[PDB]
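Engineer:
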Amino acid sequence: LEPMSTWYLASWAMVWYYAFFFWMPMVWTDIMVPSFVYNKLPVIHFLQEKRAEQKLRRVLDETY
Amino acid sequence: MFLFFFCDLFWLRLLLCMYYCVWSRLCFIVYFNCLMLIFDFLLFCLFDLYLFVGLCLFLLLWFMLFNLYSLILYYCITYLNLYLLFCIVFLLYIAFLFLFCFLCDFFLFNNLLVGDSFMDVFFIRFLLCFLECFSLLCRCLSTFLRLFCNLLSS
Amino acid sequence: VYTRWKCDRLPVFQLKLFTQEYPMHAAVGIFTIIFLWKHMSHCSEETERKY
Amino acid sequence: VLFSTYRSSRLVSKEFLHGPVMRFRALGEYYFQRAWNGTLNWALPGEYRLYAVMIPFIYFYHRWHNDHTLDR
Amino acid sequence: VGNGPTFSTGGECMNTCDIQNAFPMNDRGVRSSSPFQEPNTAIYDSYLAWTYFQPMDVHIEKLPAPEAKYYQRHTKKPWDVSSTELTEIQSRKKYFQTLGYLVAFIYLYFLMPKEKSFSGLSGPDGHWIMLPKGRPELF
Amino acid sequence: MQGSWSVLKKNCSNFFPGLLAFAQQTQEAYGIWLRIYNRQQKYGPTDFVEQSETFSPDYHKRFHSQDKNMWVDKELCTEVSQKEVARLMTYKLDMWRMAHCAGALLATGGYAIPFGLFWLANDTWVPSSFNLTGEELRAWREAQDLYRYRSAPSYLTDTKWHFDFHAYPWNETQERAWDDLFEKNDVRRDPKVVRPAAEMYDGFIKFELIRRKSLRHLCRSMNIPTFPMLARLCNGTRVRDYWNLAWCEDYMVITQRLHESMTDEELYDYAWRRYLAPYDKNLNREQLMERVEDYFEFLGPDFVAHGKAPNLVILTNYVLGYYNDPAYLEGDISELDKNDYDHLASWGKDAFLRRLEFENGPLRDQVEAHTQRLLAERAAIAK
Amino acid sequence: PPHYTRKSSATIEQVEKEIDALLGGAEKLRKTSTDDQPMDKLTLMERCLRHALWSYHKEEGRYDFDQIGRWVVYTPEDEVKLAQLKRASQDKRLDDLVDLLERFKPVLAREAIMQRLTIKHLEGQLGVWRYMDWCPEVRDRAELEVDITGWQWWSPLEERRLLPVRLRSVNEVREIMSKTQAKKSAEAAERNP
Ligand SMILES: CCCCCCCCCCCCCCCCCC(=O)OC[C@H](COP(=O)([O-])OCC(O)COP(=O)([O-])OC[C@@H](COC(=O)CCCCCCCCCCCCCCCCC)OC(=O)CCCCCCCCCCCCCCCCC)OC(=O)CCCCCCCCCCCCCCCCC
Ligand SMILES: CCCCCCCCCCCCCCCCCC(=O)OC[C@H](COP(=O)([O-])OCC(O)COP(=O)([O-])OC[C@@H](COC(=O)CCCCCCCCCCCCCCCCC)OC(=O)CCCCCCCCCCCCCCCCC)OC(=O)CCCCCCCCCCCCCCCCC
Ligand SMILES: CCCCCCCCCCCCCCCCCC(=O)OC[C@H](COP(=O)([O-])OCC(O)COP(=O)([O-])OC[C@@H](COC(=O)CCCCCCCCCCCCCCCCC)OC(=O)CCCCCCCCCCCCCCCCC)OC(=O)CCCCCCCCCCCCCCCCC
Ligand SMILES: CCCCCCCCCCCCCCCCCC(=O)OC[C@H](COP(=O)([O-])OCC(O)COP(=O)([O-])OC[C@@H](COC(=O)CCCCCCCCCCCCCCCCC)OC(=O)CCCCCCCCCCCCCCCCC)OC(=O)CCCCCCCCCCCCCCCCC
Ligand SMILES: CCCCCCCCCCCCCCCCCC(=O)OC[C@H](COP(=O)([O-])OCC(O)COP(=O)([O-])OC[C@@H](COC(=O)CCCCCCCCCCCCCCCCC)OC(=O)CCCCCCCCCCCCCCCCC)OC(=O)CCCCCCCCCCCCCCCCC
Ligand SMILES: CCCCCCCCCCCCCCCCCC(=O)OC[C@H](COP(=O)([O-])OCC[N+](C)(C)C)OC(=O)CCCCCCCCCCCCCCCCC
Ligand SMILES: CCCCCCCCCCCCCCCCCC(=O)OC[C@H](COP(=O)([O-])OCC[N+](C)(C)C)OC(=O)CCCCCCCCCCCCCCCCC
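Protein chains in written order, with the authors' numbering: chain c, 29 to 92; chain a, 1 to 154; chain i, 2 to 52; chain f, 2 to 73; chain n, 18 to 156; chain e, 1 to 383; chain d, 59 to 144, 219 to 325.
1) Please state if the CB of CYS17 of chain a and the CB of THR115 of chain n are separated by a distance shorter than 7 Å.
2) Is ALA102 of chain e a contact residue of ligand 5, with contact defined as CB to any heavy atom under 6 Å?
3) Name the DSSP beta bridge partners of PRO96 of chain d, please?
4) Could you check whether the Cβ of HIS40 of chain i sits closer than 7 Å to any Cβ belonging to chain a?
5) Can you pull the chain f neighbours of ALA121 of chain e, defined as C-beta to C-beta under 7 Å?
6) Any C-beta of chain d sitting closer than 7 Å to the C-beta of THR101 of chain n?
7) Using a threshold of 6 Å, is the CB atom of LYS61 of chain e nearer than that to any non-hydrogen atom of ligand 5?
8) Closer than 8 Å between beta carbons: that is the criterion. Which residues of the region 95 to 127 of chain a meet it against chain f?
9) Quick check: is any heavy atom of ligand 3 less than 6 Å from the C-beta of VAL13 of chain i?
10) Is the shortest distance between the beta-carbon of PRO114 of chain e and the beta-carbons of chain i less than 7 Å?
11) Leaving out the 5 sequence neighbours to the left and right, which residues in its chain are closer than 8 Å to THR33 of chain n when beta-carbon positions are compared?
12) Is any beta-carbon of chain f found at less than 7 Å from that of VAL2 of chain i?
13) Please state if the CB of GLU208 of chain e and the CB of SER65 of chain e are separated by a distance shorter than 7 Å.
14) Select from e:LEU88, e:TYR155, e:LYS9 the residue whose C-alpha is nearest the C-alpha of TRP243 of chain e.
15) Looking at C-alpha atoms only, which residue of d:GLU290, d:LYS89, d:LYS311, d:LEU240 is the closest neighbour of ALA85 of chain n?
16) What does DSSP give as the partner residue(s) for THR68 of chain n in the beta ladder?
17) Are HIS73 of chain c and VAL138 of chain d closer than 7 Å when you measure CB to CB?
18) In the DSSP assignment, find the alpha helix (DSSP H) that holds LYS51 of chain i and state where it starts and stops.
19) Cutting at 7 Å between CB atoms, please list the residues of its own chain near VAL72 of chain e, excluding the five before and the five after it.
20) How do the region 80 to 89 of chain d and the region 117 to 129 of chain d stand: do at least 3 beta-carbon pairs fall below 8 Å, yes or no?
21) Counting only beta-carbon atoms, is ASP279 of chain d nearer than 7 Å to chain i?
22) Within a Cβ cutoff of 7 Å, which residues of the same chain sit near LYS65 of chain d, ignoring the five residues on either side of it in sequence?
23) Residues around ligand 6, please: the ones whose beta-carbon is closer than 7 Å to some heavy atom of it, in chain order.
24) Is the separation between the beta-carbon of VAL61 of chain c and that of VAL278 of chain d shorter than 7 Å?
25) For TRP283 of chain d, return the contacting residues in chain a, with the cut-off set at a CB-CB distance below 7 Å.
26) Residues of chain d with CB closer than 8 Å to the CB of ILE333 of chain e, please, in chain order.
27) Which residues share a DSSP beta bridge with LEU329 of chain e?
28) Where do the N-terminal and C-terminal ends of the alpha helix (DSSP H) with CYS133 of chain a fall, by residue?
29) Only counting the same chain, and skipping five residues up and downstream in sequence, which positions put a Cβ closer than 6 Å to that of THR78 of chain a?
30) Could you tell me how far apart the beta carbons of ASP97 of chain n and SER9 of chain f are, in whole angstroms, since I believe they sit closer than 8 Å?
Spelled out as structure tokens, the structure:
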């Protein structure tokens, strides 16, 4: 079994180390952070609409 | 000895580039618990408890691109080696453990001494502490062993 | 507004990611790489013939 | 001073290879940017036709490689 | 109406999601798939339920164009890159990456020979590197 | 700011005059610091002088306590003037950056020269003494302001997001204060409205519990070098020293009303050192006085009465809110008349898309009625 | 009273013309509703602007009761005062009205931008990049939150604080104005003895 072997373990592990050190940043910037920003957008939009309505309501409430 | 080889993800890398040049929402995550650690409100942690989210997401993507697609005949799991998985788990587990140890807070380890003051310290509590310190490393080993054995047997 | 992931180029973001986000993990990985190439980078002729 | 650390320092014009790039993006977006194409951790899409197309293709090229390079 | 995509949903049903309040609800009682107001949003039931919005031709009373003074903010900075520009940059980069990966895939799976063949007709058997040169005292 | 060849020429030309000026400023600042340090050791409280230890309740890590490890010398005007304190603060910033550069030089020997070329090509990390004319000083200040703009929003977002995600205000007044604290600089925040946020956050995170990442963001926003960051109690010490000096000068100015007699340029510098007045805003004396008075009001009566300032985290967020510009929006509204997915028009609609359009289009009600009637008929037939 | 210097120069006629122009473009969008129902942004802006304008006019001397009874009456005490009825302060009020108009204009601009964005969304011709460019605040907040390790997309506590926010009804406005008038009167009483 090669899965139990060690005669070329370093070169074999270079695949994981390249994935970790060089490909993970690309996936981070190109795929993951974009998806999570996209997920964030709706709630932030809703909260900021509510904040603007709150400002308008306070503006109206101070009139007499 | 220097062996030059390539992973079996090149077509999947091509598909990722083609299908993720534009943004898309993600709403289904294999391990969602990394995002919600605190369940009672008004509780907060001064430690960087959300540092694992990025590594978790990348690890899930990588292991899924390998393991799930390996069901297709002649698809190769390029990393399927016991000691390589040991290296991966060593990196993650020991890195987090050293993050907690570099904090230089020894009281953090008070809970390792299992039991209460009623129990004899040398013959019960100290032996339990020895076993628990052993169990941390055994948890690392068992994690990587379980991942390797399941794939191999299946 | 400024964000590392959106404004910095890829090499710069890589350095920032592994120096101010995951420095301990990078250190442990480099340690393991050195160990592997120090103790797991040799193969005898008989080992090559067998496997 | 030699190289910029900011992605905003452009090396080409905005219209460089606009047409081919738009065709490539059209190919990417037509089936993937859909409500029912909800992925599981970016690896398993929701669109059925992606499976229907990609499973045979992956098997075909892997089998060709195995038959002509490995089992040979 | 066109065939273009809309605001991404991730395959989620907004009537039961954890952020459902952020999605407006229409007269029919179906929460929108986007922050916008949608009149014809629907829900489809596969193994899992998912919300879908079908674009359609609808006329909306268009408030007249405001002056540039009241919506333009000239706070741009040298590091700033807009989402449109980022999309352009990433599109070009991914186009070139896709071409390169395609060439790599073709070579790897159809042209590259495997090393150390039994017959010796294909692939290299390996060789030594970093051998000394011009160092007689070494031996 | 990005590096440029003109700035490189400027800093190379003024390198040695700048070093000589820095040395002279070092002598003067050492004298000023010696006076202040002697006064602190002699007249300071026992906790402040003995450096009492304040540990966090979770991991028992020591950090500076605002109440115990910071002390406002109310009678410092007798020994040290306001201008001397300002000089010491400016020199502390310049000395920190120079010290980091000297450490790099000593560490790497002669291999730091190309990095020195990168260093002199930008005004971000060069001392103020390298500018020998007004225009050069203006460009240097512009670089400092640019770095502040780059760094402040991350600090503000970190604070706001962590609190909002893990806690909520107790009462309506705290809610209003918290919401108005993080408004953009295009609107004027009322310090009386925003002050309760200080106590609300004192309940959450005091300065003694500030996290290392938040500290890094804050030091970036304050033009304090962050590499090597090291333990959080080093840059934390720098922050504490800078704001302790600032509070001493603030007490002097408030008590003696020096700002009213302060000239325009000196007033602008005073506001700038408090991170209240960017130079690119081209503020006049009215605006500067308004911002300074708001800062004094935010400090509150208790500052003069007892020398106790509000929570330092909230204070830093408040002052750095002046560098939180509105999000940029460029382009005429007519650009919204275009289309984004014309490149897909050639593809048309497939069978599934046509089905979705048919079922969810204007005829959706008719299709739904027909489908439900057909299903009901089939169910009845089945039974 | 002490003299007050105006921050900006503008005539009352110019201000009224500007208000009419601002409210005239939104007539099609403006929709009437029951007095007890919640009000819209256009209704709130119109009420505030007209209230300030007619308060200034009544202080000046242009006693046009027909409009004053509509744009200024919100309390039974106010109605009684109107029935009985039937310099520095003025300058400050005019400046405040001008500032209020300049404050409302950006809100209408954002509303128009959102209308156009919605129009393009319903057509299927709106990319997320365009939406983020034309809604910069949302874009910046999301990007910053993710960049500082705020991955989560749900904010239950802030929503709990802001979820029940909505524009008030006319009757609620009347009650709040009555409360404020009572508070001001009580304040002047304390001022007196
Ligand atoms: C002596 C014989 C030769 C060999 C000499 C070797 C010397 C060795 C020295 C000693 C080293 C000891 C240690 C070795 C440890 C090895 C461990 C290991 O392999 O681990 C597995 C592990 C497997 O990783 P993986 O998961 O497969 O991912 C890595 C992949 O590269 C894919 O990962 P990725 O996709 O994430 O990578 C990013 C990728 C992102 O994606 C892309 O950019 C897409 C493209 C991908 C390219 C890379 C994939 C390669 C695919 C196979 C080859 C393709 C075809 C080649 C054709 C050859 C024909 C003969 O971008 C790039 O790759 C950037 C480069 C792009 C180049 C584009 C060039 C365009 C030229 C255009 C010219 C036009 C001219 C016009 C003129 C017109 C005139 C009129 O390997 C690594 O991690 C990398 C190991 C490298 C170690 C360093 C070796 C030293 C450097 C050698 C360079 C030799 C150059 C000279 C060759 C000349 C021809 C003979
Ligand atoms: C030749 C061998 C070299 C060895 C290798 C070195 C490798 C490089 C490592 C860095 C070395 C230092 C570089 C120069 C720094 C400049 C001097 C200095 O301390 O500036 C003050 C300044 C103090 O900072 P702070 O945060 O305000 O301090 C808080 C205290 O509470 C402040 O106290 P305070 O609040 O009460 O205020 C007092 C203040 C009041 O004073 C003033 O206000 C007046 C101004 C005084 C300071 C002026 C500094 C000017 C800096 C620029 C110099 C010009 C550069 C010109 C460049 C161009 C040249 C052409 O005066 C001070 O700043 C005094 C600070 C304490 C003295 C520190 C010096 C101790 C070492 C020297 C003695 C060694 C004796 C060896 C005996 C051997 C026996 C066997 O220092 C810094 O900015 C810190 C350095 C920043 C870089 C850190 C890099 C990592 C360091 C790791 C070291 C680990 C151990 C070593 C092994 C490393 C192996 C990996
Ligand atoms: C005469 C002068 C006066 C006397 C001297 C005075 C003293 C001077 C020294 C002190 C100066 C301090 C201030 C310096 C400020 C400038 C720093 C800087 O670099 O700024 C970025 C600077 C531009 O700055 P900027 O435009 O002003 O923007 C500044 C902004 O504020 C943007 O700011 P930012 O904050 O965004 O940027 C920060 C960024 C800074 O970083 C960067 O920006 C990256 C720069 C490199 C980018 C390279 C991109 C290009 C790559 C090309 C690759 C090759 C292409 C092909 C070439 C083919 C050639 C044939 O990120 C970082 O700070 C990351 C720090 C990472 C630290 C790493 C620590 C590792 C520790 C290891 C672990 C240890 C653990 C403990 C273990 C203990 C065990 C016991 O970047 C450049 O200019 C890039 C230069 C690229 C050069 C060409 C490519 C490399 C050439 C290598 C040649 C090798 C030859 C030999 C080969 C031999 C082979 C055998
Ligand atoms: C897509 C592919 C592209 C290519 C990818 C390339 C491949 C990358 C693969 C792996 C990448 C990740 C590796 C991570 C490793 C682990 C890192 C880690 O554990 O970090 C812990 C930790 C994290 O860093 P941090 O301080 O918390 O903050 C990092 C942030 O990035 C700070 O950010 P910040 O925002 O807070 O501050 C911003 C700003 C703030 O500005 C300032 O603070 C003012 C300016 C400060 C100037 C520097 C002051 C230094 C003071 C003394 C430092 C201690 C010296 C110790 C003794 C010397 C030891 C050699 O700071 C800067 O701009 C820093 C400028 C530094 C420029 C240099 C960056 C590296 C470029 C490459 C140059 C070297 C090439 C050598 C190899 C080739 C040879 C032919 O690091 C430290 O504690 C720092 C200790 C520094 C010790 C000195 C360096 C030791 C390493 C050996 C140096 C060898 C020199 C060779 C000379 C030439 C010989 C021929
Ligand atoms: C190329 C150069 C290579 C260099 C290599 C050397 C390593 C790197 C050098 C330095 C690099 C720069 C950065 C270093 C870290 C900076 C940390 C920091 O920011 O501290 C700020 C901090 C300033 O903040 P602060 O508010 O003033 O005070 C801290 C607060 O108290 C804080 O309050 P707190 O509430 O946090 O209080 C807690 C605090 C309390 O502690 C302190 O803060 C006090 C200072 C430290 C005291 C440490 C000594 C404790 C007593 C030792 C007793 C040993 C007895 C043994 C007897 C044997 C008899 C046979 O921390 C602790 O409790 C930690 C105690 C240490 C525990 C050590 C456990 C080790 C376990 C070993 C495992 C097995 C190892 C392998 C097997 C070995 C045997 C076979 O700095 C310090 O306090 C001192 C910093 C000293 C820096 C290191 C200087 C390096 C000198 C190098 C000389 C040798 C060079 C060799 C070169 C070789 C050729 C190249
Ligand atoms: C067919 C047989 C199969 C056998 C299978 C056996 C299992 C193999 C498993 C392999 C995969 C998993 C590997 C996990 C990682 C293991 C790590 C490990 O044990 O490595 C230890 C090894 C020990 O190194 P070493 O073996 O060179 O030790 C030297 C000791 N002498 C000189 C006495 C021989 O670490 C390394 O290889 C890395 C060393 C370099 C990096 C560290 C340098 C700093 C050291 C600090 C202390 C000393 C200096 C003073 C302080 C600093 C001053 C600047
Ligand atoms: C989220 C859950 C996903 C579940 C997906 C379920 C898919 C159901 C597939 C049904 C059968 C498909 C048959 C395909 C036949 C192809 C031609 C052929 O000869 O193949 C025979 C091959 C092998 O059949 P064989 O073993 O009989 O071959 C005989 C050949 N000799 C005799 C020479 C040995 O069939 C397969 O291997 C098909 C197994 C499919 C298992 C499911 C894989 C799912 C994971 C991959 C998903 C990929 C999605 C990518 C999308 C894009 C991502 C960005």
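Just so you know, even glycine gets a beta-carbon here, dropped at the ideal spot from N, CA and C.
Structural biologist: Once the coordinates are examined:
1) The residue labelled residue 115 of chain n in the question sits at position 98 within the fifth sequence. The residue labelled residue 17 of chain a in the question sits at position 17 within the second sequence. In contact: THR115 of chain n and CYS17 of chain a (Cβ atoms closer than 7 Å).
2) Numbered from its first residue, the sixth sequence carries residue 102 of chain e at position 102. For ligand 5, not one heavy atom lies less than 6 Å from the Cβ of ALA102 of chain e.
3) One-based indexing of the seventh sequence puts residue 96 of chain d at position 38. d:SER301, per the DSSP bridge assignment.
4) Here residue 40 of chain i is taken as the residue at index 39 of the third sequence, counted from 1. For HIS40 of chain i, the answer is no, since every Cβ of chain a falls outside 7 Å of its Cβ.
5) Indexing the sixth sequence from 1 puts residue 121 of chain e at position 121. Simply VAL2.
6) Numbered from 1 along the fifth sequence, position 84 holds the residue referred to as residue 101 of chain n. Output row for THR101 of chain n: interface = yes.
7) Against the sixth sequence, residue 61 of chain e aligns to sequence position 61. Under cutoff, so the answer is yes.
8) none
9) Here residue 13 of chain i corresponds to residue number 12 of the third sequence, with the count starting at 1. Within the cutoff, so yes.
10) For the purposes of this step, residue 114 of chain e is identified with residue 114 of the sixth sequence, where counting begins at 1. No, no contact with chain i.
11) Stepping through the fifth sequence from its first residue, residue 33 of chain n is reached at position 16. Within the same chain, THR33 of chain n has close Cβ partners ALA66.
12) On the third sequence, residue 2 of chain i is found 1 positions in, with the first residue counted as 1. Taking Cβ atoms only, chain f never reaches closer than 7 Å to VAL2 of chain i, which makes this a no.
13) Looking up residue 65 of chain e in the sixth sequence gives position 65. Looking up residue 208 of chain e in the sixth sequence gives position 208. Yes, the pair counts as a contact, with Cβ atoms nearer than the cut-off.
14) Position 243 of the sixth sequence, counted from the first residue, corresponds to residue 243 of chain e. Closest option to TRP243 of chain e, Cα to Cα, is e:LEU88.
15) Here residue 85 of chain n corresponds to residue number 68 of the fifth sequence, with the count starting at 1. When only C-alpha atoms are compared, the closest one is d:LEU240.
16) As a working note, residue 68 of chain n is residue 51 in the fifth sequence. DSSP, once it has assigned bridges, lists n:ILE60 as partnering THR68 of chain n.
17) As a working note, residue 73 of chain c is residue 45 in the first sequence. As a working note, residue 138 of chain d is residue 80 in the seventh sequence. No, the Cβ-Cβ distance between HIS73 of chain c and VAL138 of chain d is not below 7 Å.
18) If you number the third sequence from 1, residue 51 of chain i lands on position 50. Element bounds for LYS51 of chain i: 46 to 51.
19) Locating residue 72 of chain e in the sixth sequence gives position 72, where the first residue counts as 1. If we look at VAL72 of chain e and ignore the five residues flanking it on each side, its Cβ neighbours are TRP247, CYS248, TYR251, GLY307.
20) no
21) As a working mapping, residue 279 of chain d is identified with position 147 in the seventh sequence. So, interface residue.
22) If you number the seventh sequence from 1, residue 65 of chain d lands on position 7. Closer than 7 Å at Cβ, skipping near neighbours: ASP227.
23) c:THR34, c:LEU37, a:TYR83, a:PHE86, a:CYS87, a:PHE90, i:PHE32, i:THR33, i:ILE35, i:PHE36, i:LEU37, i:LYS39, i:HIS40, i:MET41
24) Here residue 61 of chain c corresponds to residue number 33 of the first sequence, with the count starting at 1. Here residue 278 of chain d corresponds to residue number 146 of the seventh sequence, with the count starting at 1. Yes, the Cβ-Cβ distance between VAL61 of chain c and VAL278 of chain d is below 7 Å.
25) Translated into the one-based positions of the seventh sequence, residue 283 of chain d becomes position 151. Chain a residues near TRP283 of chain d: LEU35, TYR50, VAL53.
26) Here residue 333 of chain e corresponds to residue number 333 of the sixth sequence, with the count starting at 1. Those are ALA244, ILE245, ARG248, listed as they occur along chain d.
27) By 1-based counting over the sixth sequence, the position of residue 329 of chain e is 329. According to DSSP, which records beta bridges pairwise, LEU329 of chain e is partnered with n:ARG90.
28) Taking the second sequence and counting its residues from 1, the one referred to as residue 133 of chain a is at position 133. Counting along the chain, the alpha helix (DSSP H) containing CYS133 of chain a begins and ends at 126 to 153.
29) Within the second sequence, the letter at position 78 stands for residue 78 of chain a. The answer, listed in chain order, is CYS7, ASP8.
30) In the fifth sequence, counting from the first residue as 1, residue 97 of chain n sits at position 80. In the fourth sequence, counting from the first residue as 1, residue 9 of chain f sits at position 8. Their Cβ separation, rounded to whole angstroms, is 7 Å, which keeps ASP97 of chain n and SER9 of chain f in contact under 8 Å.
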